[PDB]
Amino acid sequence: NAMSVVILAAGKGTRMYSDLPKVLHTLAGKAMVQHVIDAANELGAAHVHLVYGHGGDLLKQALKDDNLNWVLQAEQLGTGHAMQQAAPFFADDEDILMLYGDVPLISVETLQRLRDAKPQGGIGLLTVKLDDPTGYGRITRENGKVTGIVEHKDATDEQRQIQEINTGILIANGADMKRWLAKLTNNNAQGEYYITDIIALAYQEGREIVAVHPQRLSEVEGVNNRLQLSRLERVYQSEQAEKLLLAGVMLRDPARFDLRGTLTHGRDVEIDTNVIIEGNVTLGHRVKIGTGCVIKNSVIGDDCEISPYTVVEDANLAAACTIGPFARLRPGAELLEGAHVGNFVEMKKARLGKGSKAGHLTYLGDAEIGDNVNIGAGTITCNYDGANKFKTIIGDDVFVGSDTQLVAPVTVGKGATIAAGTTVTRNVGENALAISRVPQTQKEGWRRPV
């Protein structure tokens, strides 16, 4: 059956105290409304209608899904009114599923169950039972059948005793939807147009409304302030962490792990406390990640060991590499098999070859370093002249003495040796020793200042 989704996101997020529209606030590194859009497409949505009232410029900048139909609702006259703005775009022969832009954890599995419960010519309604139903629409039933929804403000004390409430999510045929929407009136407690009135309108026509319930309450929780957002962030992180544990990834403390993107992994991966994974990350077999690491958009091969407090972004590590602790890999950093980066070392657009080592206090930027190379502590590639960037090339089997500065562009031939403290401004020949040293001298009986 064909189906499109409508996302109401035109309400004002006042308790957020933000200059950024509420639905753009992120959860696990992704806009709340993007989570909803993803669920809609993942369910099979042909078109996704997004109803907004303001922040349109920022929304269009953040959202780029091709099948997004932007629907304006200049005045927020109620959920019913918002749906009327989008209704003209509904197809007469497709189901229309309504979702909220600020209820990010809704699962496709529950939406699928809701789709299957919807009867021909009727309506699928998602309801939930709460201990305290205060503030939400009450589900009314006659002989076990759903007959309508009464909003909290409009409900009597007795009706307020009803604990089964409307989550807001529902699905119904597009043509039927348009028929009911045209009949909405605003003669109620809030003087708004209630999308909820279509339930009674359908029942009166003899149509059937069936209700299904979410798997978890967190699935239909809405966000109006940052505290509520932080709680859903934890729920999301906890569920993702448990899935990873069940899939064979060892997290030393699942409450101290954050995944903000996608994680691909092999077997026996171990991840210590406080690690953060961002963007798309691929980990090979037996990768070990020490505490506090941050890994973003990077590829890590089999058997790599990432020591504590190492930050990595857009890097590629071959098998058996060891980096950190306190290493900092920036975009373009590449390590070939068995390479090693130690503490207080930074790499940017730089490749380190097989079995090569940069153990300490070093900066490698815009460089190509061969295999079996040893980079002494304190070595620095001077890749910038104040306007342009230049490349440093170091061949295989090179030994670079400590505190050497390589002024790019420059090439050091294979097998060369560079003396400690050297400033390299010209190419170094193969198997040669490069040096630029003042012989050590001494002054006797030197007395330091008082």
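From 1 onward, residues are counted along the sequence shown.
Q: Which of the two stretches, 253 to 261 or 81 to 89, shows the higher mean Cα temperature factor in the record?
A: Taking the mean B-factor of the alpha carbons in each, 81 to 89 is higher.
Q: Check the entry's C-alpha temperature factors for 16 to 24 and 428 to 436, then say which stretch has the higher mean.
A: Per the PDB record, 16 to 24.
Q: Hey, out of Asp131, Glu368, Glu337, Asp268, whose CA B-factor is highest in the deposited coordinates?
A: Of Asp131, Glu368, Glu337, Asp268, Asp131 has the highest C-alpha B-factor.
Q: Looking at the C-alpha B-factor values in the deposited entry, which of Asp272, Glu313, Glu242, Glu75 comes out highest?
A: Most elevated C-alpha B-factor of the set, per the entry: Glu75.
Q: Looking at the entry's B-factor column for C-alpha atoms only, identify whether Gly222 ranks in the lowest, middle or highest third of its chain.
A: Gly222: CA B-factor falls in the middle third of its chain.
Q: In terms of the chain's CA B-factor thirds, is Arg234 lowest, middle or highest?
A: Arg234: CA B-factor falls in the middle third of its chain.
Q: Split into thirds by Cα B-factor across the chain's modelled residues, where does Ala419 land: lowest, middle or highest?
A: CA B-factor rank for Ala419: lowest third.
Q: C-alpha B factor of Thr381, ranked within the chain: lowest, middle or highest third?
A: Within its chain, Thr381 is a middle-third residue by C-alpha B-factor, going by the deposited values.
Q: Please place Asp116 in the lowest, middle or highest third of its chain by C-alpha B factor as given in the entry.
A: For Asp116, the deposited C-alpha B-factor lands in the highest third.
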